[PDB]
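For this one, two forms of the same chain are given in structure tokens, first as structure 1 and then as structure 2.
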Structure 1
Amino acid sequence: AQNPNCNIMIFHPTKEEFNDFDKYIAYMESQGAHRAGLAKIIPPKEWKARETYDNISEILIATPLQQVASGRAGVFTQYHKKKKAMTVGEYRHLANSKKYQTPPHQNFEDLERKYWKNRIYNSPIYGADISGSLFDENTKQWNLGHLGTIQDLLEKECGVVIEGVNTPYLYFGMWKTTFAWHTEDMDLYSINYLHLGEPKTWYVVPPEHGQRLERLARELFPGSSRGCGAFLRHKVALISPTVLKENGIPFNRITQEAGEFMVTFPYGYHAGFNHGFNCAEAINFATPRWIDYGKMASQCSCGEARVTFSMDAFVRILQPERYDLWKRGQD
């Protein structure tokens, strides 16, 4: 068995190997990459996403989200308070202000220490989940707006034609902006490209050990657990590495820098934070190996998780017993 300790693997494809996206994902899995739940892909030196980032300031962040924490430093939830619209140039200036900027630090480890010590005492503003793309239309390799669609994968594997579409999302971050512990919708893959700015630190639990994280979360967030049998689908709970280590939960960590891709694998729980002003692009995708994960994915039916139009068909075809209850949650 390849990668039996479930370490995060880092790949350096050549420009020739960067042509065929599906083939390279399958190669990474042949080497055991999926066992970690997360892999890093450094693009060949010849490749670029676009020519420059000099002209992005007029993108609108229609609903910036202020991430307000409750709890203790290592075990907290966050809620998202909606703020007035602002442009990416306005948001960058805000991120760089004395109230929100990255503090002085020695290295990524010192910054990570400061994040876990102090996150709860601040409320950073995240421009998340913005439909759109920063890849140039002429970028032919690993262009997250030109991937094969999940609807087409389902149709190719299972024969059933379904409605829905699959487009990327932009994320504009600042110091301390936070992504809570989660797997993807329908335990899909994700791919995330850090277009510009400061790093993103990731934490991940191997898919084979995901239920250990879930049992800890039920113990740490006991009211939330009574409310919903899949409350991590709400994407609000944080647990620090120190707390994970104290409770014996297997995990790994890695920091993504500008110009690098990350792939999350089916049922790989992940969480993390931004180091300072940045912009990332991410999208879900599927392979043949995902179908069995999609059939087994948990679902929130309490009403909190509320998701895209396209998840309807995935539930209806892969999980017809759950369909009725899940759709009640959506309506």
Structure 2
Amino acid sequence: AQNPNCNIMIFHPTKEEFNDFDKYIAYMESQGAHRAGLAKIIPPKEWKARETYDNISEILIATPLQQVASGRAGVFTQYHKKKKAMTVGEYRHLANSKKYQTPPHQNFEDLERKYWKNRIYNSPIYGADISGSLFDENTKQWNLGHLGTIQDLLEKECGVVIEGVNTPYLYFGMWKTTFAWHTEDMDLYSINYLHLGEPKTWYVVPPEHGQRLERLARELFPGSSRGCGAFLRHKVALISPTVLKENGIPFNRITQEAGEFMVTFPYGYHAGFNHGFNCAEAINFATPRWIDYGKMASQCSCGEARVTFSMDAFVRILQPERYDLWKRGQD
């Protein structure tokens, strides 16, 4: 078996290899990339997402989210407090202010140490799930707004036509902004492009070991576990690399820089944080290999997770028992 230790692999496709998205994902998997739960793809030197980022300041962040922590430094939850709307220009200025700016640091490792030591004592503001794209319409390769849709994948594989659409989301981050431990809806893939700014550090558990993370989470957040059989779907729980190591949970880490893609694979739990002001774009996608994961995906039915319009058809078709039971959380 390829990549038996489940290491995060980094790929350098040529411009020719960058033409056929599906084919390259399949190639990455032939080399065992999916075993890690996460891969990095560095685009060919000839490629660009768009010409410049000089004209993005007028984008609106309608509902910036203040990420307030509760718990201990290495085991905490965060809740999202809604703030007043601001433009990307205003958000950038806020990110760079004395209150919110990245502290002096030696390197990525020093910054990581500072993040886990001090994250809970601050409440950074994140711009999340803003529908939109920063890819130029003329960018033909790896344009996250031009991917084949999940609905079309299901139709190609299973012969059923379903309602729903599948569009990208923008994320504007600042120092300490955090993504909690999660897999994607329906255990889909995700692809994430860091358009500009400071790095994003990622942690990932191999899909073959996801249930180990779930078991630890139940132990560390016992009240949350009693409330919902899939509470990680709420996307609020953080566990540090130190705590993962202490509990023998297999995981890896990597830092994504501007101009780089990351792909998460079905049932690859991931979490992470931003180093400073940045902008990323991400979308879910599917392949034939995803279908078996989709049919087995856990679901939140306690009402906390209540997800997109397009998720309905996925549960309805792939998980009819669970759909019937839900009808008898989203509503």
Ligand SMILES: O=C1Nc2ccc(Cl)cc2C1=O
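FYI, numbering is relative to structure 1, first residue = 1. Shifts are known only where both forms have a C-alpha. Definition used throughout: the rigid core is the maximal C-alpha set that superposes within 1.5 Å between two forms.
Shown second, as structure 2, is the form deposited with this ligand bound. Superposed on the rigid core, the forms differ at residue 326: its CA is offset by 3.1 Å between the two structures. Fit the two forms on the rigid core and the C-alpha of residue 264 turns out 0.0 Å off between the two structures. Core superposition places the C-alpha of residue 306 1.5 Å apart between the two structures. Residues present in both forms were considered; between the two structures, the rigid-core fit shows Cα displacements of 2 Å or more across three or more consecutive positions only at 324-328.
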